[PDB]
Amino acid sequence: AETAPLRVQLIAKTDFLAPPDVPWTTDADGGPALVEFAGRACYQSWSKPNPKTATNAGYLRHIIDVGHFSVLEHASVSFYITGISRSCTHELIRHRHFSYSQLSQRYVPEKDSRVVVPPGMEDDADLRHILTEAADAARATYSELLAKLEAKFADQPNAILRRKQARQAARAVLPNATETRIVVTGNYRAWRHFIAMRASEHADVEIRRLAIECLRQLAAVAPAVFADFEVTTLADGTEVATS
Amino acid sequence: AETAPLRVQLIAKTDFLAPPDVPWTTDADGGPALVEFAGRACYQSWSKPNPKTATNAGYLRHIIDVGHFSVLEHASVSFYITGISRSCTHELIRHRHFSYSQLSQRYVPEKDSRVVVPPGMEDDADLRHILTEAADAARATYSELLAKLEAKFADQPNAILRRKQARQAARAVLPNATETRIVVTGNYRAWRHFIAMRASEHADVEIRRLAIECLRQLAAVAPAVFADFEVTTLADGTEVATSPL
Amino acid sequence: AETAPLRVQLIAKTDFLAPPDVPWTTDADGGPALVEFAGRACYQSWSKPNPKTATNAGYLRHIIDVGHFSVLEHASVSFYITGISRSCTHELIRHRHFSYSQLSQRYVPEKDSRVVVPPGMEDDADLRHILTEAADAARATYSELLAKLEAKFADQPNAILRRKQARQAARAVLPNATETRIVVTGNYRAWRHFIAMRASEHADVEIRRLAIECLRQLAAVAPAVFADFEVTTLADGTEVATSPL
Amino acid sequence: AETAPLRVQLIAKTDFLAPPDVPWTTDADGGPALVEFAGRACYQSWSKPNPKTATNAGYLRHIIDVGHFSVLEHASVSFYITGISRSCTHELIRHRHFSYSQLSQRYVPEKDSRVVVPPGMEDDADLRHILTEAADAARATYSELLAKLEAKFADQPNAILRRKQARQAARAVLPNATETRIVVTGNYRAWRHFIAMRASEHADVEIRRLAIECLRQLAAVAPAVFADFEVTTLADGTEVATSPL
Ligand SMILES: Cc1cc2nc3c(=O)[nH]c(=O)nc-3n(C[C@H](O)[C@H](O)[C@H](O)COP(=O)(O)OP(=O)(O)OC[C@H]3O[C@@H](n4cnc5c(N)ncnc54)[C@H](O)[C@@H]3O)c2cc1C
Ligand SMILES: Cc1cc2nc3c(=O)[nH]c(=O)nc-3n(C[C@H](O)[C@H](O)[C@H](O)COP(=O)(O)OP(=O)(O)OC[C@H]3O[C@@H](n4cnc5c(N)ncnc54)[C@H](O)[C@@H]3O)c2cc1C
Ligand SMILES: Cc1cc2nc3c(=O)[nH]c(=O)nc-3n(C[C@H](O)[C@H](O)[C@H](O)COP(=O)(O)OP(=O)(O)OC[C@H]3O[C@@H](n4cnc5c(N)ncnc54)[C@H](O)[C@@H]3O)c2cc1C
Ligand SMILES: Cc1cc2nc3c(=O)[nH]c(=O)nc-3n(C[C@H](O)[C@H](O)[C@H](O)COP(=O)(O)OP(=O)(O)OC[C@H]3O[C@@H](n4cnc5c(N)ncnc54)[C@H](O)[C@@H]3O)c2cc1C
């Protein structure tokens, strides 16, 4: 078995086009620009009237301070995440205010599928080897089942739909550690709650790792929106994020 | 490996208590009655002038026919589902207007988990034994890894954590076919969409058989809300449920 | 001219049916029994070694304490709220994890529509008078508009269509304070977040007054789920509700 | 009364950034490009075997025909909308898969608020005048209530609170036609749904106009995504937008 490392790639974000017949500007671009525009539209306060918050960064900080998170919802970011385990995405997709598109084992052949090594095993050659040996055996069963199910279903003339009927049964044997790939789209508020929830000590370590990497890259895009999240290291080497 | 048959059990539904100061009654109770009530509340239409919508099934079929699906959201039904695979719940949970509570592999020991047999191999002792032996191996490996991770994490003084730390990693080798158990709650509208999506000929046969089973149980609770669905057989012996709506 | 008092009628709640072959019982039924079952199903733990959590209330307490809110979603309550203003419902409906069925001004005559007096002027009869009379003027204008519209639209031979087309323009003049009526269904979690946002001090007094009323009826049927909330009186003399959770 | 015309301005769309270690490219950018990527990521179908769907538009059209709407959810558009009534936005916020930031009446000066003329009376000077004169009246009655309400709360030292507390009761008398302004964000799936519901013959003409205008600006951004909707005209001379899906 080959192993797959976590890669999170930002592929989409908000293009803000400010409306001309409104008399306002701000030190920000894109999603953070839009969020300010939306909170200000709420009071038609286009003149920067509380000079404390006359910066995008200061305005956004204030919204987070008062708990008016709905304005955060206007801006969105998409990621393409590879090297994520099946079991990890099984936890991820419980978060219902995201949109998702995911590699499907019903359509995509998995005989060369890679595995994602749990973080608890990353530093142990014996454990990793046990895992990959077990994954190799599962892929061989998957190919043995695929071929026999294809024979069994030979009288289905749509070859495509046959393949699928076979594949979806044969994937029965693939382990949780099998690598998946997924596009995840979330608005700032959806992202904040996901990080709050999955970057805590309580969360499984794989999804914690993902959450923290998301925070890292989201903080690059909307520094003010995510500034209250604090990346600490724990007694056991792993990272957590908290507000 | 022991195998697990799908079992869907209705564990909750709506209990409707008509407000007694609304000059209204109908030939039904529960979810179905709430739905007629909510619809009539939109138009304050308590007296029932049209005989075609004078009964509860008549009113509901009209609600469906005219697309007023919002009113269907007030009534719900809960199910406890067992003998469902992990891969199948992994499709189920993509539906975002349901509420879910699920057996966690982080908390529940899986040394002796049952396997769920893909419907396409249910009737074939050979394929089943290939899957069951591969699962037996995967659990054996699971157990090996667990003892080792518990050793590896022995310096974690909270034994509850420790086992959690071990289990959540050991489970890496557990297969898609591993049984899970889940409680799923949806309002009627959520269920209709679930049936439409996952009871079609394009869905995996496992989720599809779940869809059809929930449908048939929901149809017993609320015949008028689900009646537009027709269960129908395929070239290959499997079923679909579809609606012209 | 006729003023509307807040009235809130519990019209629906959860009916629970424990599945037979699961060795667990509890000192509860309905919603709060469902929620315990949901939570236990996660750990497949049906026993009661701990007197803290050996009852429904203590178990529900604990689920709330650790913040496993998901389990609260399985159980629902529906109210029929009459005597709430249009502007108020316009705030209510921003809560997106509720389901709604509302009296439409497009279909229901508003000739004799009642108004809801803002609570910040309930006592001062002077201000009341300036409201009631401003509304009578708006009702008169709506009836004038409706008549002219119906007559303008006389060649729409479909009489229900004419009326709809006429009322939906005529209602332009009806004030914010006009009564509406509305069924609202939320799961225990939705309610908890509503009560928590709209029963605070920072919330408008009319919606606050709805929240606390919802709270007290939710406590009558699911006490442990909502026990952590406390109604206190503010400097104003108006009630608010809070919990440190 | 000033009378505001509907105005819809596209203030946000999606910026797409192809990931360079994926062997794929397409004849498009932004939203439409993200959606294809999301669809192809599902099957890892990066090379493009079929010529019929080898273009961005051919691919998107095929996503719609097959009903895979999940994938439309990755891209969104935000609008700032003015010249929309309160009655209209009160219909609009029934849509729960949208994000809203609306001008508040508890906080913003309604002393000289503009009014929106219902489309049903737009072309009749007699009816418009009735509306705008009822409006003028109403804004007169609102001052009476405001200035007198601040006075009943002289005892409260917090000024900006005191103002808020007086408006919140004073807007009771403001009418449904009163202009509001709102930022509305949704993904392509959510837009399609709004258009299907509110561009229909059954919807109020004011929201219908809004929906057709949004349809127009969305169709420019992402033509393949909105191509199934045709705008036709009913016998009464009002527009509808319908799709066969
Ligand atoms: C200690 C702990 C243990 C847990 N154990 C388990 C377990 O064993 N098994 C299991 O299946 N789950 C368990 N959960 C829940 C699980 O971890 C999921 O992550 C969680 O249910 C999904 O995230 P979320 O609840 O915040 O909902 P999300 O889908 O992420 O929703 C985000 C926000 O939207 C709102 N929302 C979304 N849908 C609804 C709804 N329909 N009704 C009301 N509000 C809604 C909520 O307010 C929520 O804050 C546990 C949670 C905790 C804290
Ligand atoms: C032929 C086909 C192939 C597919 N292939 C794949 C695939 O390979 N990989 C993959 O990941 N998915 C695939 N999908 C989508 C997938 O199968 C899921 O069933 C679907 O994503 C979940 O159901 P739903 O999208 O209707 O969402 P649900 O959550 O069940 O939606 C319920 C309703 O709520 C609304 N809704 C919920 N959330 C939103 C939101 N964020 N924005 C707007 N509306 C919302 C929608 O209108 C929807 O009808 C495919 C779909 C089809 C039809
Ligand atoms: C101090 C303050 C001032 C405000 N001022 C204004 C104003 O001027 N104008 C205005 O229009 N609004 C304003 N709001 C917002 C408004 O008051 C509403 O209460 C709010 O928009 C709706 O309630 P909710 O945010 O709890 O979302 P709800 O619909 O009640 O949903 C509750 C839960 O579901 C989640 N959820 C639902 N949809 C999404 C989504 N798409 N993305 C992520 N999570 C989601 C939320 O995260 C939350 O966890 C203000 C709020 C505050 C606190
Ligand atoms: C002919 C007709 C008459 C109507 N009359 C009235 C009336 O008099 N009074 C009134 O209040 N309403 C009435 N409605 C409903 C109303 O017009 C609103 O537009 C509608 O309630 C909001 O749009 P939506 O229902 O698609 O929900 P949206 O919030 O737009 O949802 C979009 C999608 O998400 C899904 N979704 C969102 N929330 C849930 C949920 N909780 N459960 C399951 N799925 C969900 C749905 O599947 C839906 O397809 C009427 C509708 C029709 C067709």
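Count begins at 1; order follows the chain as displayed.
Per the header: X-ray crystallography, 2.5 Å.
Quick reminder: no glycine exception, Cβ is built from N, Cα and C everywhere.
What Swiss-Prot records for C:6-232 is domain 'ThyX', and it gives sequence analysis as the kind of evidence.
What Swiss-Prot records for C:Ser70, C:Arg94, C:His95, C:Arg96, C:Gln102, C:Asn187, C:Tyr188, C:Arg189, C:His193 is FAD binding site. Of all Cβ atoms in the protein chains displayed, 25 besides its own lie within 10 Å of the Cβ of C:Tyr188 (FAD binding site).
Taken residue by residue with DSSP, C:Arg198 (dUMP binding site) is part of a helix. If you look up Swiss-Prot, you'll see C:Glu91, C:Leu92, C:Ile93, C:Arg94, C:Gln102, C:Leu103, C:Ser104, C:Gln105, C:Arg106, C:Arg171, C:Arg198 marked as dUMP binding site, on the strength of sequence analysis.
Non-local neighbours of the motif 'ThyX motif' (C:94-104) in the same chain are 180-187, 189-190, 193-194; each lies 6+ residues outside the stretch with a CB under 8 Å from one of its CB atoms. The feature motif 'ThyX motif' is assigned by Swiss-Prot to C:94-104, with sequence analysis given as support.
Taking Cβ-Cβ distances under 8 Å and a sequence separation of 6 or more, the neighbours of C:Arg198 (dUMP binding site) in its chain are C:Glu91, C:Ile207, C:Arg208, C:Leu210, C:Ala211. The annotation active site, involved in ionization of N3 of dUMP, leading to its activation is assigned in Swiss-Prot to C:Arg198 on the grounds of sequence analysis.
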Largest CA-to-CA spread of dUMP binders C:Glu91, C:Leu92, C:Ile93, C:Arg94, C:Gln102, C:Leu103, C:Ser104, C:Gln105, C:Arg106, C:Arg171, C:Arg198, angstrom: 28
Distance [Cα-Cα, Å, rounded] between C:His193 (FAD binding site) and C:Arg106 (dUMP binding site): 31
Residues in the motif 'ThyX motif' (C:94-104) grouped by DSSP into helix, strand and remaining coil: 0 helix, 4 strand, 7 coil
DSSP-derived class (H/G/I helix, E/B strand, else coil) of C:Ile93 (dUMP binding site): coil
Cβ under 8 Å to chain D, applied to binding-site residues C:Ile93, C:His95, C:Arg106, C:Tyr188, C:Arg198: C:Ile93, C:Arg106
Binding-site residues (C:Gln102, C:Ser104), the one with most neighbouring Cβ atoms at 10 Å: C:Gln102
Rounded Cα separation (Å) that holds between C:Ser70 (FAD binding site) and C:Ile93 (dUMP binding site): 22
Same-chain residues at least 6 apart in sequence whose Cβ lies under 8 Å from C:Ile93 (dUMP binding site): C:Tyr100, C:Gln102
Densest Cβ neighbourhood among C:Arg106, C:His193 (binding-site residues), 10 Å radius: C:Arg106
Longest CA-CA distance among C:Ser70, C:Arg94, C:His95, C:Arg96, C:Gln102, C:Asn187, C:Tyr188, C:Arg189, C:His193, per record bound to FAD, angstrom: 28
Sites among the binding-site residues C:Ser70, C:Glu91, C:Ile93, C:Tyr188, C:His193, C:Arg198 close to chain B [C-beta, under 8 Å]: C:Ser70
